[PDB]
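Working notes, structure below.
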Amino acid sequence: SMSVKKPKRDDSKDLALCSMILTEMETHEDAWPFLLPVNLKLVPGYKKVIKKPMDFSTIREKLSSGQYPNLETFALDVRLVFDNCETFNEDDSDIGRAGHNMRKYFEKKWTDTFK
């Protein structure tokens with residue numbers, strides 16, 4: 001509360017460390033469904049159904065331009081990428097499996113880097 005604070009967690013490396021995680025996600029062999037925004041002209045149903053599209057290139061640009069206020073807003077966008085994927089793709093599809101794999105990969109890096 002006013003004039004009553006928990007001890008200050010060092011957040012000075014968060015930007016660099018989220019960048020490193022995102023590099024590792026970009027270079028995973030199962031990243032291909034997620035590298036670029038879904039083409040809303042060429043994929044029927046995507047625009048109407050997926051209210052907040054997100055992809056790694058869009059996260060990279062937001063990260064690079066100071067549009068994440070803290071590491072939690074960064075994790076929310078990464079998870080959005082996988083939540084969108086589950087919304088639109090059957091579990092038993094190459095893209096559906098890709099999304100589950102990448103989510104797992106991300107959540108482990110996230111825990112190991114920050115928890």
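Naming works like this for the structure tokens: A, B, ... for the chains as they're shown, residue 1 at the start of each chain, ligands 1 onward in shown order.
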Exercise for review: Assign secondary structure with DSSP using the backbone only, and return the residues of chain A in helix (DSSP H, G or I) as number ranges by chain.
Suggested key: A: 14-27, 32-34, 46-49, 56-64, 71-88, 94-114
**Study point:** Non-local contacts of region 9-26 of chain A (7 Å; only C-alpha atoms; under 2 positions in same chain excluded) as number ranges by chain
**Key:** A: 7, 28, 31, 35, 56, 71, 109
How would the residues just chosen look if you wrote them out with N, CA and C atoms as a short mmCIF file (atom, residue, chain, number, x, y, z; two decimals), in the first residue's frame?
```cif
data_model
loop_
_atom_site.label_atom_id
_atom_site.label_comp_id
_atom_site.auth_asym_id
_atom_site.auth_seq_id
_atom_site.Cartn_x
_atom_site.Cartn_y
_atom_site.Cartn_z
N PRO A 7 10.05 -6.26 -1.19
CA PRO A 7 11.41 -6.02 -1.73
C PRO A 7 11.48 -6.01 -3.30
N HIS A 28 12.64 -23.05 -33.40
CA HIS A 28 12.13 -24.40 -33.24
C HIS A 28 11.57 -24.89 -34.61
N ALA A 31 7.81 -24.14 -35.37
CA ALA A 31 7.41 -22.76 -35.30
C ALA A 31 6.64 -22.29 -36.56
N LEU A 35 5.10 -18.14 -37.39
CA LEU A 35 6.17 -17.16 -37.68
C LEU A 35 5.63 -15.82 -38.18
N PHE A 56 4.56 -14.81 -33.94
CA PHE A 56 5.88 -14.48 -33.39
C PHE A 56 6.47 -13.21 -33.95
N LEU A 71 7.07 -8.37 -18.15
CA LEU A 71 7.21 -9.75 -18.70
C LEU A 71 5.82 -10.50 -18.74
N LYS A 109 10.63 -23.11 -20.72
CA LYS A 109 11.58 -22.03 -20.73
C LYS A 109 11.17 -20.91 -19.80
#
```
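With CA of residue 66 (chain A) on one side and CA of residue 1 (chain A) on the other, the separation reads 27.6 Å.
Atom pair CA of residue 33 (chain A) / CA of residue 95 (chain A): separated by 6.4 Å.
Restricting the calculation to only C-alpha atoms, the smallest distance between residue 43 (chain A) and any of A:88, A:65, A:110, A:98 is found for A:88.
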